[PDB]
Amino acid sequence: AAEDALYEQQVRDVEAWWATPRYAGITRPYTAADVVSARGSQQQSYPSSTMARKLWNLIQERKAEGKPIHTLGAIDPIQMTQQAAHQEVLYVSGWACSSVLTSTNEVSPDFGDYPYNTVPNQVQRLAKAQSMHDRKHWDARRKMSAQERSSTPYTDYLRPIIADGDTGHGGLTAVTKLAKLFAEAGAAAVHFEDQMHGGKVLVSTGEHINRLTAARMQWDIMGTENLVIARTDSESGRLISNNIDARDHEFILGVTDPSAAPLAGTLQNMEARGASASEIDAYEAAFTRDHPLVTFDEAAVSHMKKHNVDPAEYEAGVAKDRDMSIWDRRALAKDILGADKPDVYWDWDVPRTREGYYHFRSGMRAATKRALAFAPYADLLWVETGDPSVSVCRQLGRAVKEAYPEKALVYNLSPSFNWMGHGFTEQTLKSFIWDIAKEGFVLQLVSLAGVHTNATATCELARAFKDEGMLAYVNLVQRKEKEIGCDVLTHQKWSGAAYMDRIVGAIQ
Amino acid sequence: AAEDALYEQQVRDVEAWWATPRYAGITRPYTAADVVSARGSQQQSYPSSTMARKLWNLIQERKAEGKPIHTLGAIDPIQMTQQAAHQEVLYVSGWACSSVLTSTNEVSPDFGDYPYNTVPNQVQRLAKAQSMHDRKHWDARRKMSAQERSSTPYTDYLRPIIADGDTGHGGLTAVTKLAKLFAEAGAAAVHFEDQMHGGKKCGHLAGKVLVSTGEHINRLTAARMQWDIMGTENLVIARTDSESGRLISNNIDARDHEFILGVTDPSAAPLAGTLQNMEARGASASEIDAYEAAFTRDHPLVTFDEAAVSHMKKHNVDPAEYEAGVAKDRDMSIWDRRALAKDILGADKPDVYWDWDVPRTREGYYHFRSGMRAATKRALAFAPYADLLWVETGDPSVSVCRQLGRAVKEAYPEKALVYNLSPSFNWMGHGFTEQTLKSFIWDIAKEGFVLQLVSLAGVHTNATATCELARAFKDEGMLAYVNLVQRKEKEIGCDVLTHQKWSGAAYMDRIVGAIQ
Ligand SMILES: [Mg+2]
Ligand SMILES: [Mg+2]
């Protein structure tokens, strides 16, 4: 039929699409029929998908060279226009949005607690400005001679946008709607982090995989090729919201002291009888001191050597199966111990927080494992590694390359770190970006760069303008703007006035 | 009746409100009953009104001192926080909104052609950030000792906001809706300018288009009526660009007639109708462009006064009576000027030939003699309807400012003025020294220009800072970031350096800790 042919043609198309090199190694737990059944009859193309292909190709080219795509977080269209000739991509931060532009105009510290259309609205604001300045630029060039065009460098205002998706802002349907808004707004790529929606609390490995799968399916339904970026904060995240996933069990901490009674219960009982907030804090502090936390692997091997049993059989099994459940680990331990010896005591529930969070052994062991777990679901991997170290980066890069030799990584360049005070020289501060790009960190970003440049410039001017008036404005702004050749100096032309003049002249 | 008694009380309360010194010398063409009848049964209070009173009191204090309230246009909450310790008010420009933040996210050159909730939305964004930083600041101060508070200067993040209302974005009902949005969003004052909504003419004779004097007065009155209905004291700022606007959309108002220009050649046929016939005959745009350019050359424009005096001199008639008559009545209508000239010329002389319709533009606009004569006359006409007067005066000039300030103050000695400080003018290449560049703001504050603003300041500082970092970062990476941002930020004591604290992280941590 008319509908049957269109359906069948799209199923064939989607299956072929997923077989292209763009999606080599990417796992999809759903089918092409699943996707086409959700599409309706109306096809639509999105500019973000052309930008996504531009970004994908740029990543492939720079990764092959061992070279960086390093950029600065931009908070407004002015910053976009001034980066366009220099940075090859544009980054949009949710931290920036939280304090400078929210969908409700209610700004706050970054808890990812703005309405979830906030960062997509900032993407749309930048993408529409990109299109305006590309149109102005194309109009300007058509007014030049053909040879003057060859003499003048082309400015590319259509740099692919990378945007912060936070944790996805709720359940899987929220993630699909957030991904939809981003593809509509213009984002070429979106990153999603393995923290709980609402210091840091991780979600299970499987929960985050499901978020990444939800974003991919929505873009598959839309027919767009936007890039999924998976971020993990398990290098520093000490709490996990959910113990259901066996791939996390080796990092969850528990007690070995059988005289420890569940902490959360004690704390609620205390609050019921009227105990002071400090008294609850004091007991919780003492409880952590009195009862040290270890992994079950650690408790088992300690129990075996204590009872004169070789742990090698256990250690081989957990090494062979990193993701062995706690249930199967206890089974393996008791067989090795046998009937005569007592069983390992270990309880991860007893020390849970008031919220019910479990304790988690953060570090690069957990972060590397999660990066590998996320790799078949993501186009780029973003691992927070702590303070900048070429050494740590090299280790992570090789660990990922040996399992997924084509996966590119992202690095978050800290704006606040004391580089010189922590071992760097001017030479090694300069080469850092290029040093880690050789190890596979292709996309690199100073998240809050546009916040800090803007704050510093206004701070300097505001103080001086109070006492020196227009002398301060000319010295600190007008003179400098002219010296460096900033094209906003002629603001009317910069804004596109000549472009609109021609259109109005054509209409009349 | 009980209800009727209440109504009369509210009417009496409005009348008493309008009799306070805040509204001395302000003309309202409506009654208190008019206002109360539009109010409904619930009145609510608006923070913008508290900010408006704060701004009014600051203007009164600074004007008495001959001192400036000089500020910088801010485009985001970051710039607001860095200005709060230094600039006593905050300015929000519509030019900046047009290129950086529109209610539809469609940025473009400034034609005042974004949807009219655009600048109110930017005001709301800044006002909500002011409240957030005030709450952060207050919370931090309650953590200090009582003595440490006495020793630490209090930062006032609640600076009154002045915002661009463009032309009012349409007819009188749009002006009232826009005024309402600004009062809801948090603006202490709004300025409205006497240009035609729909933007400037483009191409030949490109430039601003003025409305009639009376049209702009009705806009000022509409905004005041809306704020009266709301019970708010926001400040009306009247802006005129008749120092440079060479076209006017409407000739109905006799107060504009002395500036409107016309032809004296009886052989000139109407230009717009000729161009329309040519366009209808297949003539190209260039051939039409040619006829218009030639028409402008062959038929100079003059005011009716100049035509009548030149005509009297040609026919050996003393023009002294005509000149004395129109000097006495600057507002004489063209109808009455023609009759005066005709009576002086007498039955045995031909009458003055002068036609202000023949040279009209294709849109139907009239030609207008721009300059400080028109600008000063309009400033005086708007004065009874405005809390502050904003007169564009051209190149920065203490002399021109002093003349304008004196001219206003001889009729309205209490009236405060606004000065728009150009960020683009080449001060040092046009007669300023470093010393008089510095003193300019204080020099004109002594002449009554109490409120002064660099409207695009936050556009230019932001662009310059990113331009410099973006170039260097491409090649020097984190070395450029440390050299140009991090090190400088710490060396000048910018409090965004510690962005977590700056954003309010400790404030929210205490709220969450108090909830659990
Ligand atoms: Mg975020
Ligand atoms: Mg405007």
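Chain A is the first sequence line, chain B the second, and so forth, proteins listed ahead of strands; every chain is numbered from 1.
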statement: Sequence neighbours excluded, the answer for salt bridge (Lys or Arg N to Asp or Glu O under 4.0 Å) partners of A:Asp323 is A:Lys369
Would you compute the distance between atom [atom1] of [X] and atom [atom2] of [Y] and round it to the nearest 0.5 angstrom?
X        : Y        : atom1 : atom2 : answer
A:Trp56  : A:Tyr23  : CH2   : OH    : 8.5 Å
A:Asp349 : A:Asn243 : CG    : CG    : 6.5 Å
A:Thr118 : A:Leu178 : OG1   : CG    : 10.0 Å
A:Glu298 : A:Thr256 : CD    : OG1   : 10.0 Å
A:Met364 : A:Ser234 : CE    : OG    : 8.0 Å
A:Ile26  : A:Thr213 : CD1   : OG1   : 9.5 Å

Taking [atom1] in [X] as the centre, count heavy atoms belonging to other residues, nucleotides or ligands within less than 6.0 Å. Is the count above 12?
X        : atom1 : value
A:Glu406 : CD    : no
B:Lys501 : NZ    : no
A:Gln9   : CD    : yes
A:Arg22  : CZ    : yes
A:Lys177 : NZ    : no

For [Y], is there an ion pair with [X] - N to carboxylate O distance below 4.0 angstrom?
X        : Y        : result
A:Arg354 : A:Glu271 : yes
A:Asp248 : A:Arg370 : yes
A:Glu235 : A:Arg365 : no
A:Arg231 : A:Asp194 : no
A:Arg216 : A:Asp379 : yes

Partners passing side chain to side chain donor-acceptor pair (under 3.5 Å) against [X] (at least two apart in sequence or in another chain):
X        : result
A:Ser204 : A:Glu207
A:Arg62  : A:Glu65, A:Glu88
A:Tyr345 : none

Under a 3.5 Å distance rule, please check whether [X] uses its side chain to pair with a backbone N or O of [Y] as donor and acceptor.
X        : Y        : answer
A:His307 : A:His303 : yes
A:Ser447 : A:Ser93  : no
A:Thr232 : A:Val383 : no
A:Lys407 : A:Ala375 : yes
A:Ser37  : A:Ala33  : yes
A:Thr71  : A:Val89  : yes
A:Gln444 : A:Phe441 : yes
A:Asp166 : A:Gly168 : no
A:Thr20  : A:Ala16  : no
A:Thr31  : A:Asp34  : yes

A:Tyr7 six-ring face occupied by A:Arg39 cation (under 6.0 Å, within 45°): no
Please tell me if the side chains of [X] and [Y] come closer than 4.5 Å, counting only heavy atoms from C-beta onward.
X        : Y        : result
A:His70  : A:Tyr411 : no
A:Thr224 : A:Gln218 : no
A:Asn226 : A:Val190 : no
A:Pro351 : A:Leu263 : no
A:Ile240 : A:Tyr357 : no
A:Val228 : A:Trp219 : yes
A:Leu293 : A:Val255 : yes
B:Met478 : A:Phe417 : no

field: Side-chain donor-acceptor contact under 3.5 Å, A:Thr104 with A:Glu106
entry: no
- prompt: Just checking, any donor-acceptor pair under 3.5 angstrom between side chains of A:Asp164 and A:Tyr91?
  reply: no
Parallel, tilted or perpendicular: which describes the rings of [X] and [Y], with under 30° parallel and over 60° perpendicular?
X        : Y        : value
A:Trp419 : A:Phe424 : perpendicular
A:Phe360 : A:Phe251 : tilted
B:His499 : A:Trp95  : perpendicular

message: Could you go through A:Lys200 and A:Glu384, starting from their C-alpha distance and side-chain angles, then the distance that decides it, and tell me whether this counts as salt bridge (charged side-chain N to carboxylate O under 4.0 Å, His left out)?
response: CA-CA 13 Å; A:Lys200 308 148 123 313; A:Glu384 289 293 338; over 6 Å; no
field: B:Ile511 vs B:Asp509, side chain to side chain contact (heavy atoms under 4.5 Å, CB included): CA-CA, chis, key distance, verdict
entry: CA-CA 6 Å; B:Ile511 293 183; B:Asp509 282 357; over 6 Å; no
message: Holding to side-chain contact (heavy atoms from CB on, under 4.5 Å), I want the full list of residues that pass it with A:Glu15, two or more places apart in sequence or in another chain.
response: A:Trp18, A:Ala32
field: Verdict with supporting geometry, A:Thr295 and A:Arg361, side chain to side chain contact (heavy atoms under 4.5 Å, CB included)
entry: CA-CA 8 Å; A:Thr295 67; A:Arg361 180 167 287 168; 3.6 Å; yes
- prompt: Mind checking whether A:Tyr116 and A:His197 have ring centres under 6.0 Å apart?
  reply: no
message: Could you check, using the six-membered ring where one of them is a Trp, whether A:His249 and A:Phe296 have ring centers closer than 6.0 angstrom?
response: no
statement: Closest non-hydrogen contact found for A:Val203 with A:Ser241 is CA-OG, 3.7 Å
- request: Go through A:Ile209 and A:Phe374 one step at a time and tell me if the side chain to side chain contact (heavy atoms under 4.5 Å, CB included) criterion holds.
  value: CA-CA 6 Å; A:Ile209 283 165; A:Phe374 296 156; 3.8 Å; yes
task: Check step by step if side chain to side chain contact (heavy atoms under 4.5 Å, CB included) holds for A:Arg238 and A:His359.
output: CA-CA 6 Å; A:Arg238 300 275 195 187; A:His359 294 268; over 6 Å; no
- request: If a pair satisfies side chain to side chain donor-acceptor pair (under 3.5 Å) and one of its residues is in residues 326-337 of chain A, list it, with sequence neighbours excluded.
  value: A:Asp297-A:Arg329
